[PDB]
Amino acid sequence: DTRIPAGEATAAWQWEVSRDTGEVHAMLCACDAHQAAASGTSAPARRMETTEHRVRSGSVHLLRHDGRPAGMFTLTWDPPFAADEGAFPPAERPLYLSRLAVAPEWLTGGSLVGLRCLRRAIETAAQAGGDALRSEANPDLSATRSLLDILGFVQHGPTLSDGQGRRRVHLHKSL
(Lines of atoms letter the chains of each structure in order from A and count residues from 1; the text may use other names and numbers.)
(Lines give C-alpha, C1' and ligand atoms only; values in the text may rest on other atoms or scores of the structure.)
Protein backbone atom coordinates (compact mmCIF):
# COMPACT_ATOMS: atom_id res chain seq x y z
CA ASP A 1 0.00 0.00 0.00
CA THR A 2 2.30 2.73 -1.30
CA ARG A 3 1.26 6.40 -1.02
CA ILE A 4 3.24 8.80 -3.21
CA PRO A 5 2.42 12.42 -2.23
CA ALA A 6 0.75 14.28 -5.09
CA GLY A 7 -0.74 17.78 -4.89
CA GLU A 8 0.17 20.99 -6.71
CA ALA A 9 2.79 21.96 -4.10
CA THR A 10 4.81 18.82 -4.89
CA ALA A 11 4.27 19.24 -8.65
CA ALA A 12 5.68 22.77 -8.45
CA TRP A 13 9.17 21.17 -8.50
CA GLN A 14 10.21 19.70 -11.86
CA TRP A 15 13.50 18.17 -13.00
CA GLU A 16 14.66 18.35 -16.61
CA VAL A 17 17.65 17.82 -18.85
CA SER A 18 18.46 21.40 -19.79
CA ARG A 19 18.45 22.63 -23.38
CA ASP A 20 18.70 26.40 -22.74
CA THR A 21 22.31 27.59 -22.69
CA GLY A 22 21.64 31.20 -21.68
CA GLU A 23 19.40 30.14 -18.80
CA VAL A 24 22.03 27.72 -17.47
CA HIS A 25 24.82 30.29 -17.74
CA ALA A 26 22.73 33.00 -16.04
CA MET A 27 21.86 30.65 -13.17
CA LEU A 28 25.51 29.64 -12.76
CA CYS A 29 26.82 33.21 -12.79
CA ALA A 30 24.14 34.47 -10.39
CA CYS A 31 24.99 31.71 -7.91
CA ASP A 32 28.69 32.47 -8.41
CA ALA A 33 28.18 36.16 -7.61
CA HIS A 34 26.11 35.37 -4.51
CA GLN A 35 28.61 32.88 -3.10
CA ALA A 36 31.61 35.09 -3.92
CA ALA A 37 29.99 38.02 -2.10
CA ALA A 38 29.09 35.80 0.85
CA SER A 39 32.54 34.21 1.19
CA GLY A 40 34.79 37.20 0.46
CA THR A 41 36.14 35.54 -2.69
CA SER A 42 36.03 36.45 -6.38
CA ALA A 43 33.69 34.58 -8.70
CA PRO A 44 35.42 32.22 -11.16
CA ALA A 45 35.53 33.08 -14.85
CA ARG A 46 32.87 30.91 -16.50
CA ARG A 47 33.16 29.87 -20.14
CA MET A 48 30.00 30.07 -22.23
CA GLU A 49 31.64 27.52 -24.54
CA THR A 50 31.72 25.01 -21.67
CA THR A 51 28.05 25.75 -20.94
CA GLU A 52 27.13 25.15 -24.58
CA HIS A 53 29.10 21.90 -24.67
CA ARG A 54 27.56 20.55 -21.45
CA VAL A 55 24.02 21.52 -22.47
CA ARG A 56 24.41 20.02 -25.96
CA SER A 57 25.57 16.71 -24.45
CA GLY A 58 22.57 16.45 -22.12
CA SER A 59 24.88 16.74 -19.09
CA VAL A 60 23.06 19.64 -17.37
CA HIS A 61 20.20 18.64 -15.06
CA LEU A 62 18.06 21.59 -13.95
CA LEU A 63 15.41 21.81 -11.21
CA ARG A 64 12.60 24.34 -11.74
CA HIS A 65 10.11 25.76 -9.24
CA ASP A 66 6.92 27.10 -10.87
CA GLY A 67 8.81 27.28 -14.16
CA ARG A 68 11.70 29.35 -12.77
CA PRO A 69 15.11 27.66 -12.41
CA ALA A 70 15.89 26.83 -8.78
CA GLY A 71 18.96 24.61 -9.00
CA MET A 72 21.12 22.53 -11.30
CA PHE A 73 24.24 20.42 -11.72
CA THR A 74 26.40 18.95 -14.49
CA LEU A 75 27.10 15.21 -14.48
CA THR A 76 29.67 13.78 -16.90
CA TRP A 77 31.64 10.61 -17.51
CA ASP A 78 34.79 12.59 -18.42
CA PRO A 79 36.66 14.70 -15.83
CA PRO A 80 35.94 18.44 -16.11
CA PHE A 81 39.15 19.20 -14.18
CA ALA A 82 42.78 18.07 -14.35
CA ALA A 83 43.30 16.55 -10.90
CA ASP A 84 46.22 14.24 -10.12
CA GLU A 85 43.72 11.34 -9.74
CA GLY A 86 45.97 10.41 -6.85
CA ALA A 87 43.80 13.03 -5.13
CA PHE A 88 40.93 10.51 -5.29
CA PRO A 89 40.42 7.00 -3.90
CA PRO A 90 40.55 4.30 -6.60
CA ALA A 91 37.40 3.88 -8.67
CA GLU A 92 36.64 1.87 -11.81
CA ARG A 93 33.64 3.85 -13.15
CA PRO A 94 33.66 7.37 -11.66
CA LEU A 95 31.22 10.07 -12.69
CA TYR A 96 32.03 13.73 -12.21
CA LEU A 97 29.89 16.46 -10.65
CA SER A 98 30.55 20.03 -11.74
CA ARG A 99 28.85 23.42 -11.88
CA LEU A 100 26.56 22.86 -8.91
CA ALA A 101 24.44 26.00 -8.72
CA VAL A 102 21.49 27.14 -6.60
CA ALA A 103 19.52 30.26 -7.47
CA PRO A 104 20.36 33.09 -5.02
CA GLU A 105 16.75 33.29 -3.79
CA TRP A 106 17.01 29.63 -2.70
CA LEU A 107 20.35 30.08 -0.90
CA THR A 108 18.48 31.06 2.28
CA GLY A 109 15.65 29.49 4.21
CA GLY A 110 14.92 25.80 4.51
CA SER A 111 13.79 24.58 1.10
CA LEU A 112 16.98 22.47 0.85
CA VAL A 113 17.40 23.10 -2.88
CA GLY A 114 21.13 22.38 -2.71
CA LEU A 115 20.41 19.11 -0.92
CA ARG A 116 17.81 18.32 -3.60
CA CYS A 117 20.36 18.91 -6.36
CA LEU A 118 23.11 16.88 -4.68
CA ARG A 119 20.69 14.03 -3.94
CA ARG A 120 19.57 14.08 -7.58
CA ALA A 121 23.20 13.98 -8.74
CA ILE A 122 24.09 11.09 -6.40
CA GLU A 123 21.04 9.10 -7.46
CA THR A 124 21.53 9.74 -11.19
CA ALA A 125 25.20 8.76 -10.92
CA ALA A 126 24.28 5.54 -9.12
CA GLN A 127 21.55 4.56 -11.61
CA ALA A 128 23.92 5.16 -14.57
CA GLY A 129 26.11 2.40 -13.00
CA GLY A 130 28.51 4.73 -11.23
CA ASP A 131 31.29 3.53 -8.96
CA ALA A 132 31.91 6.97 -7.44
CA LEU A 133 30.95 10.63 -7.75
CA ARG A 134 33.93 12.99 -7.91
CA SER A 135 33.78 16.76 -7.73
CA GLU A 136 35.94 19.87 -7.45
CA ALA A 137 34.88 22.28 -4.71
CA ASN A 138 35.93 25.65 -3.34
CA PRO A 139 36.62 25.10 0.39
CA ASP A 140 36.13 28.84 0.95
CA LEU A 141 32.42 28.39 0.11
CA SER A 142 31.65 27.19 3.62
CA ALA A 143 27.99 26.21 3.26
CA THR A 144 28.43 24.14 0.10
CA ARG A 145 31.63 22.59 1.48
CA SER A 146 29.83 21.54 4.66
CA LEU A 147 26.88 20.14 2.68
CA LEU A 148 29.31 18.08 0.59
CA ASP A 149 31.08 16.86 3.73
CA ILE A 150 27.80 15.84 5.40
CA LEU A 151 26.66 13.94 2.30
CA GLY A 152 29.85 11.84 2.44
CA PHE A 153 32.19 13.58 -0.01
CA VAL A 154 35.69 12.87 1.31
CA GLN A 155 38.74 15.00 0.52
CA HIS A 156 41.64 12.68 -0.33
CA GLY A 157 44.41 14.93 -1.65
CA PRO A 158 45.77 18.26 -0.45
CA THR A 159 44.12 21.65 -0.88
CA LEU A 160 45.37 23.43 -4.01
CA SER A 161 45.95 27.11 -4.68
CA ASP A 162 45.77 28.14 -8.33
CA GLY A 163 48.44 30.84 -7.98
CA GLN A 164 45.96 33.75 -8.02
CA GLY A 165 44.26 33.43 -4.64
CA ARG A 166 41.75 30.67 -5.48
CA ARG A 167 41.64 27.51 -3.37
CA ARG A 168 40.17 24.21 -4.55
CA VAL A 169 39.80 20.67 -3.21
CA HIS A 170 38.95 17.35 -4.84
CA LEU A 171 36.11 15.39 -3.23
CA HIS A 172 35.02 11.78 -3.74
CA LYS A 173 31.83 10.02 -2.67
CA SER A 174 31.44 6.25 -2.91
CA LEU A 175 28.22 5.08 -4.55
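Quick note: we count residues from 1 along the sequence shown, nothing fancier.
In this entry, 104-112 has the higher mean Cα B-factor, the comparison being between 104-112 and 55-63. Per the PDB record, of the two stretches 124-132 and 23-31, 124-132 carries the greater mean B-factor over its C-alpha atoms. Among all modelled residues in this chain, the alpha-carbon of residue 138 has a temperature factor (C-alpha) in the lowest third. In this PDB entry, residue 17 carries a Cα temperature factor that places it within the middle third of its chain's modelled residues. Among all modelled residues in this chain, the alpha-carbon of residue 39 has a temperature factor (C-alpha) in the middle third. In the PDB entry, residue 86 places in the highest third of its chain by CA B-factor.
When all modelled residues of the chain are sorted by CA temperature factor, residue 159 is found within the lowest third.
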